[PDB]
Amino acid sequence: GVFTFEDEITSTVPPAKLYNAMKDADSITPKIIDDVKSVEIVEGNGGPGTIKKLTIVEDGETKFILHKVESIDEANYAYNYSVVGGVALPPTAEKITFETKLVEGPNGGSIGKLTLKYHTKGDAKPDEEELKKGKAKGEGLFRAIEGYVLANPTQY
């Protein structure tokens, strides 16, 4: 089945700037997020169909995560990717999709809109715990991009 959740998050940074930073997330996230060590393009050119290997450290243990890039709408500050591999993905789960979109906040800031689509095998429902982890992963992504931008203002 497919189980669908939505979260939102605010920033002071405007969306255009924040979105350009999302594009460089493969180079940003390993710097600012401690667990993340690197992000390698394994197959593809960075566009839809691309597979990325993330290398995590979770309790002094090296783990891998595989992302599939699903779509990229730069007009709508949108970036959609799927977790398709690794330990972070549950054995009950076919895949987990992160659909991101930045939109304008009411003070010239921005609003991160996450739609999380958790694809299960058969009649399994998602684990309430792995939902907390998934939502948390998405926050840390956003905070990393935001942090990078605020710490490097001339960059964007």
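For the two forms, the rigid core is made up of the largest set of C-alpha atoms that agree within 1.5 Å on superposition. In this text, residue numbers run from 1 along the sequence as written.
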query	finding
Which of 104 to 112 and 23 to 31 strays further in 9 other deposited structures of this protein - Cα RMS after rigid core alignment	104 to 112
Given 35 to 43 and 83 to 91, the range whose Cα B-factors average higher in the PDB entry	83 to 91
Which of 21 to 29 and 143 to 151 has higher mean CA B factor, as the PDB entry lists it	21 to 29
Deposited CA B-factor, highest of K113, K125, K117, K63	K125
For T97, the third of its chain into which the C-alpha B factor falls	middle
Lowest, middle or highest third - CA B-factor, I51	highest
